[PDB]
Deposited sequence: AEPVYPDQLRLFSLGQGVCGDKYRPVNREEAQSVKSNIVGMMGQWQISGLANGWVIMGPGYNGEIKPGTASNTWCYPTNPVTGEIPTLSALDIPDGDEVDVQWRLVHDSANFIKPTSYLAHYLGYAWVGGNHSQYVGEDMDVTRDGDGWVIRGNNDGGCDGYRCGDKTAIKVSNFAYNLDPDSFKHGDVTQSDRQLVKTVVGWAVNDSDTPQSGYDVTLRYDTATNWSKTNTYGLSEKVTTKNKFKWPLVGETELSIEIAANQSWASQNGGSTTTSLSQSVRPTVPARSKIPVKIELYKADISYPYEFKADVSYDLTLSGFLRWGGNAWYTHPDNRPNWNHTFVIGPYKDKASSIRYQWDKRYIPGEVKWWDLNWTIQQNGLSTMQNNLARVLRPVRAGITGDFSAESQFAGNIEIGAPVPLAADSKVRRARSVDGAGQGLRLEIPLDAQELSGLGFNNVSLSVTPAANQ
């Protein structure tokens, strides 16, 4: 309600202080109210407008809010959807075997069993608890189900209530883990150093009576990169990454490691590869003069414990019968029908399985084709639903660890010194054999117009 929702802001390019159909300019106070969020949605040196001649700058300008004018405007809806589900801080589960990472999440009474149970209960699912308790989400048994788990109330002994024997089950299945490359952190560097294995030197001469410029002196060469990694546990066998990425750089050791996408993290533990590389400068040597040029070749290796975060997602399927005269299905059946509905807890898939969608579009009558979330609100009130939904939708991440080590060869910049006279050709010796013995193959120096 009252509070401004960052994720509902929309930008317009309609001129100063102008908004599109059914949007109004965001004012200073509101902007300040969620400063971090607006800035995080802006470009480096972006500058957008706010109400009554004010402006908010991007991260580059330190997201500052001051008087000003902008052609574009941060606008808010004249009819904003109220009572958003908050997004709680991530629940970080330490690295372990898939089974253990999953037990830790699934049997957590306060962060999983109770919220998901209460969600099912709020949706009108009957008997969401075991007969050892009168409260929902208690005396809940967690049992293995393939690569998933099932959560149903213990059914030992007898129970009171019509069909109390038919306990609703909460199926947690279809798990997935997406390693986030940006979450990269590393411990103390075990090994680290970069030797100067050789330095190529010589000169670059200018013969003509006119200043030689606009030519690129380019060094091309090959070297091998040897890296390897370990995986402390087995969850590794199931994590992938949306897209390929370059292993992050640490120290002064230039590496060229490409982790491949959608390929088991546990299946990519290292490799030896020779990579063609290059370096180049565009000198400007004055008439009939020469410049000293130097290229330092290096060798570096580094080792360290590493850690990434994998975003966990799973399917939440609720199955049981819908309570009589207390139901949230849109048709509000009264025949206590056996029911099955699955929510995708993680990356969006479709409307039917998106709690956040059905919640946010709850006031658009034509969109409610599944759970009538409005019912949960008259039944429980805004705060209770918001707090509960936030708990079931809380992001879950799993740590991914192990040791990393690598060694590679590479050249530094082609450096040049103060030009010397005399009274664009190169005189830079390249000992093929010594270089080859050092691990630098197919090394060449070329001159080519800019």
| property | result |
| --- | --- |
| Stretches with no C-alpha position, numbering per deposited sequence from 1 | 424-440, 468-470 |
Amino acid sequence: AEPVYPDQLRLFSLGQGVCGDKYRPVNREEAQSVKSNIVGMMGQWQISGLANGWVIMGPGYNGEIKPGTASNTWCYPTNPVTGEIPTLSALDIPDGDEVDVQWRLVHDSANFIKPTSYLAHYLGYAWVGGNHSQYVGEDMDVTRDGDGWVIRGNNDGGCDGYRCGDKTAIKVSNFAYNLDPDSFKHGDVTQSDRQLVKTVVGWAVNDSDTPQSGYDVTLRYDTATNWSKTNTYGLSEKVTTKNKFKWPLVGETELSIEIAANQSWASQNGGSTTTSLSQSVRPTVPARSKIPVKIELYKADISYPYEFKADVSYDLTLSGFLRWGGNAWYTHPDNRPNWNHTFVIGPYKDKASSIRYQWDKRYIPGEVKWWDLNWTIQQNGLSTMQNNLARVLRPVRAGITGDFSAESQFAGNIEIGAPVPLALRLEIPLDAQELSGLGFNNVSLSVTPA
From here on, numbers count along this sequence of modelled residues.
item: Stretch with the greater mean C-alpha B-factor as recorded in the entry, comparing 354-362 against 217-225; value: 217-225
item: Between the two ranges 376-384 and 259-267, the one averaging a larger CA B factor in the entry; value: 259-267
item: Top Cα B factor in the deposited entry, candidates 207, 315, 180, 307; value: 207
item: Maximum C-alpha temperature factor, selected from 152, 238, 290, 114; value: 290
item: Position of residue 405 among the chain's modelled residues by C-alpha B-factor, lowest, middle or highest third; value: middle
item: Position of residue 143 among the chain's modelled residues by C-alpha B-factor, lowest, middle or highest third; value: middle
item: Assigned third (lowest, middle, highest) for the C-alpha B factor of residue 96; value: lowest
item: Relative C-alpha B-factor of residue 319, binned into the chain's lowest, middle or highest third; value: middle
item: Among modelled residues of the same chain, the CA temperature factor third for residue 18; value: middle
